[PDB]
Amino acid sequence: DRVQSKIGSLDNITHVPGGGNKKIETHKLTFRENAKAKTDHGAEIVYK
Amino acid sequence: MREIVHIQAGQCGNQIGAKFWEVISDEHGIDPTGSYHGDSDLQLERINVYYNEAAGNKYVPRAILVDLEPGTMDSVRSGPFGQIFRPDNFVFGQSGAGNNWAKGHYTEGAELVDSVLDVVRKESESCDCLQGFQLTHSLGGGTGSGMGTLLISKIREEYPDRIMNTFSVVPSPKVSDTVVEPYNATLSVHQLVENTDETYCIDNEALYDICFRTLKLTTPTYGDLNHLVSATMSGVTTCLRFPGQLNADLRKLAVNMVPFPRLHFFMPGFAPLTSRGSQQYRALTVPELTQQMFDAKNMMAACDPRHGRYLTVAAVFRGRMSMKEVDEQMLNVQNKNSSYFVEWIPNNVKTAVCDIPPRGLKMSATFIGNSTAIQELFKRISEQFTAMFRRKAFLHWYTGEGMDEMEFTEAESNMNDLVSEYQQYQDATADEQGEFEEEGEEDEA
Amino acid sequence: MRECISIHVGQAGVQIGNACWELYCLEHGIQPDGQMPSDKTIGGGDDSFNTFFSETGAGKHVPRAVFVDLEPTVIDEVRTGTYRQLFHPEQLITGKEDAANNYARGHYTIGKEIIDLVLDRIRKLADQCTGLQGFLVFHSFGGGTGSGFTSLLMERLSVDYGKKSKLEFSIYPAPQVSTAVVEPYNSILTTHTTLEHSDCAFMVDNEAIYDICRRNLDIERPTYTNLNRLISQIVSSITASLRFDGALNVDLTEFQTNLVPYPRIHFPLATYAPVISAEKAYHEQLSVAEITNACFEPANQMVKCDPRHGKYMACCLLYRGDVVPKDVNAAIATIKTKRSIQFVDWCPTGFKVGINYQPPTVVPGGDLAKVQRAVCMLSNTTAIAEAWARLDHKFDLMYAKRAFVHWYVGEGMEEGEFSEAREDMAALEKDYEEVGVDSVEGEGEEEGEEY
Ligand SMILES: Nc1nc2c(ncn2[C@@H]2O[C@H](COP(=O)(O)OP(=O)(O)OP(=O)(O)O)[C@@H](O)[C@H]2O)c(=O)[nH]1
Ligand SMILES: Nc1nc2c(ncn2[C@@H]2O[C@H](COP(=O)(O)OP(=O)(O)O)[C@@H](O)[C@H]2O)c(=O)[nH]1
Ligand SMILES: [Mg+2]
């Protein structure tokens, strides 16, 4: 049978992505919108 | 009237135990027979904080001693002050712990926790008002580590609305004292993060710097280290025992110092510390305290906190100090280190000022900080874990106690979450207004 | 209140028992007749001797120890010997004919006959204890009883006591010396058995110690009697905690959690420092750090395989006498710093540390002199795969011819079992080799900018 190690260090290679866990701040999402447009025109406006 | 239970567990835990019980007893003029002899009426005044009365001017501490072997506790019972303790409160096995935290949490500490809770029921019901438990253990150890985790897992639900104050010596930043340090510590925090209200991180390697640098000792013992953390413990609990100008107890300290329910990992520091010579070659004042209290090399965690930001600080002074000279040095720090605090918590300092100094000192301060820098420890602990666990090495001694090979990964997943919580708050920004696009318009030509 | 059982098996084992217990009496201030020097009470309390001796009579201290060889000579020389009043005669157990360097006699056709007699006296010494810690077992690999009756005993001990630790303490066969031809067959036939039953084994080697005796100790003409007295100074320092209080303490159930990353790799090597004449200690000071570096020098190792030839996995330091814990932390950190003192590329926390307050005493008039501080060390390392490869090659060369086989198979042992023992050691060669891999899990290796 040509023989191999009785131990087997490879087993945790079954573990899943990841890598790591979270982050999640406690109540708000400030600047995730990455600074695109949020308004239209601009300068002098209307009148009737 | 207001009361504390003390617990000591594991070798380190019963050495800082035997030295805290020298420190606090001598600070009360409790004799080594257990006789009260205090040289102030103010020592007898709050003696019920740490002791219970017995027959004929005798007292016993509300201290409970745990081990899985007789061997450390025999040296308590024979060593100095050994006779203050109730021998019922000596709760020890004949089994060993093997540096195996599972051997404590699941099996041979599990064969004795009911005999510990026995002494918690006897002693905690001496208390008019229990405020909290004070527990000196290991974290990287197998004994203290493995005993506090299951113990809190029961004290945290008998007594859910008391406080839970932990002093834990941690794995070293450059060496090992024990091989399995990364495993015991990762698995202990997975229990304790959920269930403790306070954990000091205490580092020998930080202490050994102090012994070289501030105390200037040639052969520093453990006894020398143990007098500094027991002076810490006595110090932080000074306003619990004596009058002051700015009182605080464990509940007042935790609400100012724990801003989110997992961020209760603290470094201490202590002032003054000099050598037996160098004392004579500086002054001693409120600013001379503060000069050493903030100073990163003197922290008893070797994190060099100038890597990170303080959320919260506590300063617990002893001896006659003048309020404006304290208040303004706490702020001088804050302005002149303004880059080293969190954004969204201003007025960062809880200041407490008490009348009665230490024995053999005129003034001192105890420093307690909370900085996201504390990630330095737990990061090495995680990296030294997966290094071991990627191959499932040492596991067979833990499954030999029933521990599931999955809870090693539940702890790793918890360690990823917890460590990432320091990073999500480190230099985290505040809620304010954004950018606005604007430019001139034609009126004239 | 907690206790240890010692067992001496084969002529090595017995002769170390006749060296170690001698030291253990001096280390406790006990006399060669198991008395204290006096009747009248002096001091108060321990009496820290409970873990080693059962107290009887008028305060006669009986060592917790069973002795076995299948020749009576070696135990008759204790029964008539200097320590004839220290040991108990039921615990001095003899055979009728030695296993004669044949494992199959040792393990089966002779050794079968007194196994229950030995185990019953072991029962009787366990029922004497207040809290059994486990077994420390002494042999060689060369012996037919040192192999055959050790392996048989550890099979039986696991029936009677299950998980209770069993630690081996063994004359590992030399790289170029042997005292016997068939040593490589007794050497495997025990190991094939005890890997699936003992919890650690701590090796030490004749030829290695001979080299140290000459080079370091300045002993031109060393005996076995020096050898076993240097070996007793090893196990005195592996059991200092179980005998004295100390700054750091290390129980018998610690060392396996520390030293054994997988149950197949349970074979550290034991080293001790300093080892010199008095005449050389007058040109030295022998600091903590000095003596701790001396425990790593290849010329000082007491198994002769060179520790440059592989990678550390596990270490335990065991100090005595004038040592403080900072000095040690700095001795360890600067050895850790040396990546020449190389560790397996997965190990982070390589060291465990013990510190006893009490110095080693020596025997009077003899070759071993006093120091102010001393260190033993226990270390598991990939470099010993060259000596396991020596035990491969030595087996393979004679077994290809079936040389000496008829002695073992004439005790009814089978050619099938003989081949499985060699196959288990071909697996062991791949066990050492895999822990030697730098945790490779793809098709190459990687690095940062610089090491
Ligand atoms: N250090 C040391 N090694 C010894 C001593 N006695 C014998 N040896 C070693 O023990 C091994 C051979 O074992 P034997 O001496 O034949 O003892 P045994 O186990 O009783 O042999 P059997 O005749 O099979 O019972 C060799 O490695 C010898 O060097 C001793 O006093 N000290
Ligand atoms: N500060 C200090 N550290 C100690 C002392 N005794 C042990 N240690 C350290 O505590 C850590 C935990 O070890 P130990 O207490 O032996 O583990 P346990 O008894 O299995 O919990 C290690 O870093 C030891 O070196 C002590 O008295 N003081
Ligand atoms: Mg024999």
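Residues numbered from 1 in each chain as written, not as in the entry; some residues may be left out. Chains lettered and ligands numbered in written order. Part of a larger assembly, values for the part shown. Heavy atoms only, no water.

### Some details on the overall build of chain C
Looking only at helices and strands, one finds 15 helices and 13 strands in chain C. Here chain C has a C-alpha radius of gyration of 22 Å; the compact-globule value for 451 residues is 22 Å, and the two agree. Projecting the C-alpha coordinates of chain C onto the three principal axes gives extents of approximately 75 × 60 × 45 Å. Looking at chain C as a whole, 60% of its 451 residues qualify as buried. Taking the contacts inside chain C whose residues are at least 6 apart along the sequence as the reference set, 83% of them involve residues at least 24 apart. For chain C, the exposed area adds up to about 18500 Å²; of that, 49% sits on carbon and sulfur atoms. In chain C, the 40 positive side-chain charges and the 64 negative ones have mean positions that sit 5 Å from each other. (Helix = DSSP H or I, 4+ residues; strand = E, 2+ residues; numbered from the N terminus. Rg over C-alpha atoms; globule rule 2.2 N^0.38 Å. Buried < 20%, exposed > 50% of the residue type's maximum accessible area, 1.4 Å probe, protein only. Contact = heavy atoms within 4.5 Å. Areas by Shrake-Rupley, 256 points an atom, 1.4 Å probe, with all protein chains shown as cover. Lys, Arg positive; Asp, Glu negative; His and termini not counted. Charge placed at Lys NZ, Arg CZ, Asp CG, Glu CD.)

### Details of the UniProt feature "binding site: Mg(2+)" in chain C
Residues and elements named next belong to chain C. This chain's UniProt record puts "binding site: Mg(2+)" on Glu71. Assignment of secondary structure puts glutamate 71 in the loop between β4 (65–69) and α2 (73–79). With near-sequence residues (within four places) excluded, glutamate 71 lies in contact with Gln11, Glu97 and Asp98. (UniProt positions renumbered as here; feature names shortened; annotations may be inferred.)

### Some remarks on the pairing of strand β7 (residues 163–169) of chain B
All names here are of chain B. Among the seven residues of β7, seven are classified as buried, and the element is accordingly described as predominantly covered. Taking every second residue as pointing to the same face, both faces of β7 are buried, with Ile163, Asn165, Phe167 and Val169 on one and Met164, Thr166 and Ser168 on the other. Note that strand β6 (residues 130–138) and β7 share seven bridges and pair parallel. Counted as the bridge partner of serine 138 is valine 169 from β7. Each parallel crossover has a hand, and the one from β6 via helix α6 (residues 143–158) to β7 is right-handed. Direction of pairing for β7 relative to strand β8 (residues 198–202): parallel, over a ladder of five bridges. (Pairing = 2+ DSSP bridges. Right-handed = clockwise from strand over helix to strand, strands pointing away.)

### Concerning the nonpolar core
C:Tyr319 and C:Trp388 are the most contacted members of the largest nonpolar core, which totals 193 residues. Sorting elements by how many residues they give to this core places strand β11 (residues 312–321) of chain C first, with eight residues. Here C:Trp388 is in contact with C:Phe141, C:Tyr172, C:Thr191, C:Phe267, C:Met425, C:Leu428 and C:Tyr432, once residues within four sequence places are set aside. Within the second largest apolar cluster, 43 residues are counted, among which are B:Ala271, B:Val353, B:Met363 and B:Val419. (Core = buried A, V, L, I, M, F, W, Y, C linked by side-chain atoms within 4.5 Å.)

### A look at the UniProt feature "binding site: Mg(2+)" in chain B
Summarizing the sequence annotation, UniProt attributes the feature "binding site: Mg(2+)" to B:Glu69 in the numbering used throughout. Within the secondary structure layout, B:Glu69 lies in the loop between β4 (63–67) and α3 (71–78). Setting aside residues up to four positions removed in sequence, B:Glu69 forms contacts with B:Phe92, B:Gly93, B:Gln94, B:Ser95, B:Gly96, C:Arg2, C:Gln133 and C:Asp251.

### Observations concerning the interface of chain C and chain A
Counting residues at the interface gives twelve residues for chain C, matched by ten residues for chain A. Together chain C and chain A conceal approximately 920 Å² of surface at their shared face, both sides included; 61% is due to carbon and sulfur atoms. For the interface between chain C and chain A, the tally reads one salt bridge. Counting across the interface, chain C meets chain A through six residue pairs in polar contact. (Buried area = accessible area lost by both parts, 1.4 Å probe. Salt bridge = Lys/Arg side-chain N within 4 Å of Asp/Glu carboxyl O. Polar contact = N/O pair within 3.5 Å; in protein donor to acceptor, adjacent residues only side chain to side chain.)

### Regarding the site of ligand 2
If you check the shell around ligand 2, you find 15 residues, and the closest are B:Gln11, B:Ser138, B:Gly142, B:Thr143 and B:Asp177. Among the chains of the assembly, those with residues near ligand 2 are chains B and C. Residue B:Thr143 places a side-chain N or O atom 2.7 Å away from an oxygen atom belonging to ligand 2. In the complex, the protein chains occlude 93% of the 570 Å² of accessible area that ligand 2 would expose alone. For the shell around ligand 2, the secondary-structure elements that each account for two or more residues are α1 (11–27), α6 and α9 (222–236) of chain B. With three residues, the single largest contributor to the shell around ligand 2 is α1(B). Among the residues making up the shell around ligand 2, the classes are represented as four nonpolar, ten polar and one charged. (Near = heavy atom within 4 Å. Nonpolar A, V, L, I, M, F, W, Y, C, P; charged D, E, K, R; others polar.)

### With respect to the coordination of the magnesium ion (ligand 3)
Tetrahedral coordination by four donors places them ideally at 109.5 degrees to one another around the metal; octahedral coordination by six donors ideally gives 90 or 180 degrees. Around the magnesium ion (ligand 3), the donor atoms from the protein are C:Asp69 (OD), C:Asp69 (OD), C:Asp98 (OD) and C:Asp98 (OD), and they sit 1.9 to 2.0 Å away. For C:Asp69, a relative accessible area of 1% translates into the label buried. (Donors = N, O, S within 2.8 Å, 3.2 Å for Na, K, Ca; no water.)

### Section: the site of ligand 1
Residues and elements named next belong to chain C. Contacts to ligand 1 come from 20 residues, most closely from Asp69, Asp98, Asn101, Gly144 and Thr145. Separating an oxygen atom of ligand 1 from a side-chain N or O atom of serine 140 is a distance of 3.1 Å. Here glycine 143 contributes a backbone N or O atom positioned 3.2 Å from an oxygen atom of ligand 1. In isolation ligand 1 has 640 Å² of accessible area, and contact with the protein removes 91% of it.

### Topic: the interface of chain C and chain B
On the side of chain B, 41 residues touch chain C, which itself brings 39 residues to the contact. Interface area lost by chain C to chain B is led by C:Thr257, C:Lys326 and C:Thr349, which between them contribute 19%. Note that B:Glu401 is salt-bridged to C:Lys163, the shortest N-O span being 2.7 Å. Here chain C is connected to chain B by 24 residue pairs in polar contact. Within the residue set of the side of chain C that touches chain B, elements represented by two or more residues are β9 (246–248), α9 (255–259), α12 (325–337) and β12 (351–356) of chain C. Looking at the side of chain C that touches chain B element by element, the count peaks at six residues for α12(C).

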